[PDB]
Amino acid sequence: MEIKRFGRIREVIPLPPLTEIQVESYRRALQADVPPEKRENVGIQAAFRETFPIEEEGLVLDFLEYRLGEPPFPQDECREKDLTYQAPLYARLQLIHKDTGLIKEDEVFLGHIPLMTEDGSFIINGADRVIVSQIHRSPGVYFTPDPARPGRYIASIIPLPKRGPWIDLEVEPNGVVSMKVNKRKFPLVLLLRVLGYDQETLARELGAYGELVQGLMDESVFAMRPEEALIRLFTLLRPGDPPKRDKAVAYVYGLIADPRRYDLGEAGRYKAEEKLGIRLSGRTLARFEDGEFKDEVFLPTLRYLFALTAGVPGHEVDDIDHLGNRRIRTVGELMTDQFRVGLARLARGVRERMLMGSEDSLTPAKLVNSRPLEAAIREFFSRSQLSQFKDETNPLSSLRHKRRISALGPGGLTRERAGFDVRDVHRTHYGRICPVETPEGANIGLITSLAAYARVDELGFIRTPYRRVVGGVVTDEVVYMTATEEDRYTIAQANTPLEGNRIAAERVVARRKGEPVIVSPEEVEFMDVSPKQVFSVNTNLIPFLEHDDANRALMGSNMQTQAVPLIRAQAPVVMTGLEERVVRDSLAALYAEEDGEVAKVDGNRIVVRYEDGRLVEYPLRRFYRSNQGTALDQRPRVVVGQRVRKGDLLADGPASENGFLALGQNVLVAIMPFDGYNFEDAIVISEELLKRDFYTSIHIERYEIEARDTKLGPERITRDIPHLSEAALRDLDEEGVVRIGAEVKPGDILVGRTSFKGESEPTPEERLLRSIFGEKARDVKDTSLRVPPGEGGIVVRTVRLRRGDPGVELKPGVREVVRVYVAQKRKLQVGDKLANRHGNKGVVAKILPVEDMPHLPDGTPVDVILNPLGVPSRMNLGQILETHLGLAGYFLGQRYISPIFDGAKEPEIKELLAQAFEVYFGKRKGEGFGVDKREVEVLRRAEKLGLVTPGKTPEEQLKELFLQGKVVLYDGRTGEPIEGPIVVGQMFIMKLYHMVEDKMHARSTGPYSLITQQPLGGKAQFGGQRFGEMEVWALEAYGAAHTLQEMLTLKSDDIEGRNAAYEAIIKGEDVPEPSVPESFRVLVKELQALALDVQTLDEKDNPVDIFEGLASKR
Amino acid sequence: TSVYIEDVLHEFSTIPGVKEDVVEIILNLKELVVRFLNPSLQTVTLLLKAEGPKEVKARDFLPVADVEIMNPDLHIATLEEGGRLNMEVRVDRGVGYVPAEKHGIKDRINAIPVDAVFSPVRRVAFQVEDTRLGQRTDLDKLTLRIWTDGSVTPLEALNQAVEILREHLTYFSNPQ
Amino acid sequence: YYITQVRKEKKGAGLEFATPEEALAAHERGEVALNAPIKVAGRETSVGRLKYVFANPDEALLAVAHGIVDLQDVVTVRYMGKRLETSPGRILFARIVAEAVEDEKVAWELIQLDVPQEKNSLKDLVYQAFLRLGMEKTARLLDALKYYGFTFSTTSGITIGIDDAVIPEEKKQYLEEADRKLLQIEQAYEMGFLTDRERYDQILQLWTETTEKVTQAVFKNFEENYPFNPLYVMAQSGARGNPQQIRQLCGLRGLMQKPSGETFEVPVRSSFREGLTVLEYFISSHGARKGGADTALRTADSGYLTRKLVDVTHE
Amino acid sequence: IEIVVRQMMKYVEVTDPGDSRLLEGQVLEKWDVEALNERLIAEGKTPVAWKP
Amino acid sequence: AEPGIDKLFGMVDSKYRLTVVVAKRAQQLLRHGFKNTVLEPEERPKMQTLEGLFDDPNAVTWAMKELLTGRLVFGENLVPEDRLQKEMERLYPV
DNA sequence: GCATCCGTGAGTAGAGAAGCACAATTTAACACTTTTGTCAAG
DNA sequence: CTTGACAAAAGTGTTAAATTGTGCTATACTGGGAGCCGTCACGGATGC
Ligand SMILES: [Mg+2]
Ligand SMILES: [Mg+2]
């Protein structure tokens, strides 16, 4: 099956590593491989050099170097033992006695740094996790216009998040400039005097604008000394504190001049110098040297604000949503920030520990307590919003999750504060953030994906590549450049015709500061690398993207993540060219390290004899359960003795076919209504799909149970469960666990556990019951683990971890834990959700036998029937073009690669359809068959609909229909043809993770809440359905008073009513009259706890006791 | 309908020395075409014992009386040096498509039920032409095209189909 | 709708004969089509009305089963004691309503025979049946319409191909005409006759009119050349789609708005069938994101409003 | 809409208490003041003056 | 739709009165084991069971069909509630 | 009259970091009868 | 149907260890700490 490639744009550079946003950022933070003496002042190395040295003010604790040891356990062991894949951290510290002059050095153990895997994820407590990158306003100096009053501008100084206060400079109507700090507004003149500025200095610099300087020349404080002006400012900031020079200087220094508390950041410092045209020595608003304050940024900030207000040409306002003003915090920065917080907490503990207790005899090991450092690190990787449970339904799911950009999280935004501006597609998202990929709903515009060619720089600004154009010729020089730098050039489109390297078109479509313009070739300075850089990886996997509406392209890209791996997964007939790169960069498949020969091939492992001679054995991940329950296995794709080159595929990963991403099946699709089973996005499939095991997926469910220490005796995991027969214990082995390979159904025991019964005398009816039968009550009860309803399958793995095992850190009181893995082979059934890459989704509503499906005249039935009514409103025409191209490739036996926006056009598809007709119909002629009578009838209608040209032969008219993607289709039920030609072709359809098997739930009676006594929620807890306010409104509107009262009382929280209702039903009786809900009783008692006398009265205003006399004191 | 492999407990496992896992092997076995030469034969068990390194095919099953393998060249598994494959494949006779969850046939404890597609017919197409006789030209020429796996010839399948329809037409005889 | 819409032909439309036999003779030679509008003496008729006169609906539908006529061909059928010039499909629809309500005379008054059955007409039929017959008979009628509606849509031959989104020949003329007038605005702008905002408003009005004319051309092309086109039939019947969505598939995408709300000067000149360019797709992405953001915030505001209304009028 | 608008106009403001215990500017339902006025007129006392 | 639902709605001034009458009659039928029914033996509702054709156990179905016959009298303050319950028990023992 | 701070509200489902001494009180191990419960005897 | 007497079961009174509660440490030490932030409109009051 050959692959035909479409497209005319030549990409000079390939896609960058798709996980480099995760991998490279964490490498830069750790710096684990670079020797300590060559480590740069970034990452956790910067954290050590910032908090250290710790001075008592004559004991100094200095930092020299750190090192990271090898992880205690491998990644597979951490997953199996619920451990964190982490590396021990040791810091080599020295304690300096400034009085004596003696230095003692030792290496202290600071804890464990979690390690990133090769694919770019973390294993936290045995679970795979991904740290999502965060987007926020970049630090620096910004100048936005005052909305309340026109003609006025406000200066904003933003440091790194949680690394200083936000500062506002505004020109008050009185003419004096004001500085707002910590919600306290005060005149900047006072602070500006503190930093050593006289009357002539301000006039010499800011006096060339107009009346603005006159409001900055209040001589009431200019004659005042800076020292008392510093104290005077200290009173305004925090009023009431006793004015002391030592305390006042510390507060001001810690507010704007302390690098340990205020940090403008490398990105913030660079933005400040670029905007104000200055050069900062550090990353603080001011420096404190020689016992006095020197200005760093306030004067240039006020100079810019005055010039902006005056109206000089070189000054302009700042768009805060401009992507040059928004930066990305990657995993390395997020971990480093939390590492610094923990290090600061550790330093504070060291400082308070080094000022008391055996001062002469102190060591860095004794002073340093690493628990605050570990607690902050553990908190970040476990309970942070940006630390998310890894989505690994399929390899594309994990790849997307690592490239996600979130505006939420700690230090970011909340939906309430997220308006139409942070949620919108800014013009600078072009080539940096995918415009279409985003979660529809409350998260639209807040969680986004990095563009395919985009990369995050050191400062956190997303750069996109462009080809340099000089003299009208497009060169191979590629420049990665930010949005603010992009605004300075005229950038042409990647589709501009070129004769070699010279631009051929006289009129070139280009962008100038995001606006589309028509320019000459000599005015073009840069060119787009490819159409693919505008979109993310998921969107780049949608063929004929240019023919789909953006709202439906959003759905198609998102649902590719939800596709489950299939046992017979196939790469799509129509591809975009990124299928191989997604598999390669996801690290789910296995490739040869260099050239060599395969020595051993097995389902468990592959051994390759490389040219250098070393034997490398690659264990194969087999039937591994992902975070979503999908089975992730690698199947070998080589044979013994086969010669492989460097990078050649050795074993396909999940949802991959010969190194190509395979998220679904390639099936024959007929676009036509079918008896209402296609109604409103419903999908009709053939039974032939189940016969050959398409859309069949393997899912593994994990069940866990613990044997605990109890005050009544310890729980025992054993096969001897009281009061059960041999049939219930048939599949349990001698240890009480179900045997591996046994088929389990709901209600079957997975593992037997007996718990000692609580000491409680039995009811007299039970006592007589045991007395009659002469059976002594046992001391243990059945607390074994059973299959929940609607679940089951085949037991494939049993994991038993016991207390005292190496590396097994069980919680106290737990003797052992048993984990059982149950695998089920799920076939496609009614209610399962199918989707394609173009946003067309629906559930299977009907499965037909092969003889019922519409079939081709040659006898080939279709596989899937799709409703044509889902096309016109959704405006996603790419599925139609995929169907047309798929039809041609079905008969020509070939697949196609059509890149988005540069690929197969209709003239190219129709000429392929012409060749496909010669095998579709030319084969029929050779076999000795003419034109069907049924085909003649369809052609008679076809010329009446204007689909074929009158006067042509039936063969020519059939060819005309084929070039339109339409064929004569017969009804399998009647044998008669469909009255009009039907678009029949081959389309790639995915099976999504939303399955009716995991979503069906029902409950009659079950667990109830502790306080409200209402049924719990969720299928896992066997809970009831929530009957909310709107559902109550529906019954009120219907007038169903008694139906409403049952749900309020009899079925939710009437303890007496629900017990009596159940007993009445099982006796064949009608349910009794309901009583007061228990939630109302809770409300009354809670209202009484608020010192409110709430009493229910009768017709005569007399109190009525709704507590049955149980709360009345005698 | 059922397959048992020595030292294999379920279908979600791999066999040492065998490139394919049990799921893939079962998928290969679903393509096996077995022809019963005895009309009274209802169930047969095919025994396969192979040792690596070899590419075990459908022809490597032990011969059975009145049983013929119609596709001896079908690939079953790839054996690596040091790998062994001892299988007991049970072939039943039936109609329609019976999933493994319905019949659940296990000849022994570790036998794996297999979804069964008993239909030998692979594809059917019928063609109608404009034939003429005498002075009337609206007559029909019917041409039935039958593709079968080879265990049943297309002529036999057509004869059985005619009999099934003929028997169903006798159901309209006695009114109630 | 498919079985109730009548076919219109143009092979011999507007040609006049003298006797009905002469009109039938022309149809035999292929000069005039079966449903082509003709005049026998002074009355506008067609070949199908004269050639096929059926004594009852059963005979008319028997001919359809035997392939002589289609459900959409206009013929002569005697029904309810009246000589009706309608199609068998329209006669078939009358029998569907009559058998569903088990009353032939009342069902005759409940339907509009001489129009294709669309969303509004079917809604009117359901409401009229409810008033005259009650819920129980209306429910049976609804099930009968559902059964036949699903049955005929399956065998109708309704599909969606790329050629079904027919591009009118007037789009190229309008785009060239708009380009010529676009240069006029730019030429006048350089002459000082109009300001910057006047130029911006002039371009938007030019493209707004061009967008509307293309929409008319798309539906006019369907009306005269492809009356049974899938997109046209779905839009006219009220099943799926609106003229705005049909234009984006067959005409042009149109003007797009910037994130600030300002409209881009250059519209997206390509439809979904032709395929947008990379720049046009990104330009259209601002509106798609804005619409989705509007939808998310509107549901909370609408739900909040509903709860206020419930809590003020619940008594 | 009229059902909701009816609830939006349900309250009135007292402009002149008259011979009642109400206060000028007090807000109360329209029905109550009309019912209160009926008793006041039925005994000769000054009715409450109110505005919608 | 329920059989004769249009006729059921036409016999009451308020549609919710029909529901009250049907529900109260259904519990009267359930209380007395369908022995107080006004339906003739050929008029009793039936359901199809594998063993055979048996009486319909749904009293709501019985109550709706009884009201269609017209042998039931409904209204407010017809008879005292205590007198009604006692008299039905006597003439229809259960 | 107006300008400002505070308070209120913003859709529904589901799935998810001191020892130590000593006294005072309680627990648990004993012994003890004393008490039910029970199997011979009539 | 009473012995009756008899061992187990249960109650009970000491006594011990164990657990728990409380007091007390004598160079001099004398005003904290973390935040600090991207929504918007709406009453309602509180003063100016
Ligand atoms: Mg077979
Ligand atoms: Mg005639």
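Below, read A as the first sequence line, B as the second, and so on, with proteins coming before strands; counting in each chain starts at 1. Computed from heavy atoms alone, side chains included, the values below leave out hydrogens, waters and symmetry copies. When a ligand or atom number is given, it counts from 1 through the structure's own listing order.
Around the Mg ion (ligand 2), protein N, O or S atoms at a distance under 2.8 Å total 1; waters are neither shown nor counted.
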Pair A:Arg895-A:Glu657, salt bridge (charged side-chain N to carboxylate O under 4.0 Å, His left out): steps then yes or no
CA-CA 13 Å; A:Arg895 291 180 180 177; A:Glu657 193 188 37; 3.2 Å; yes

With ring-ring contact (aromatic ring centres under 6.0 Å, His included) as the criterion, how do C:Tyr2 and C:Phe228 come out once you've worked through the C-alpha distance, each side chain's angles and the decisive distance to 0.1 Å?
CA-CA 8 Å; C:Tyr2 182 76; C:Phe228 282 89; 5.7 Å; yes

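Under 4.0 Å is where a charged nitrogen must lie from a carboxylate oxygen, and between B:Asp7 and B:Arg84 no such pair does. A salt bridge links A:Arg692 to A:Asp863: one of the charged nitrogens lies within less than 4.0 Å of a carboxylate oxygen.
Taking the six-membered ring where the residue is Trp, A:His855 and B:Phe126 present tilted rings, their angle falling between 30° and 60°. Between B:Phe12 and B:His10, the angle of the ring planes lies from 30° to 60°, which puts this pair in the tilted group.
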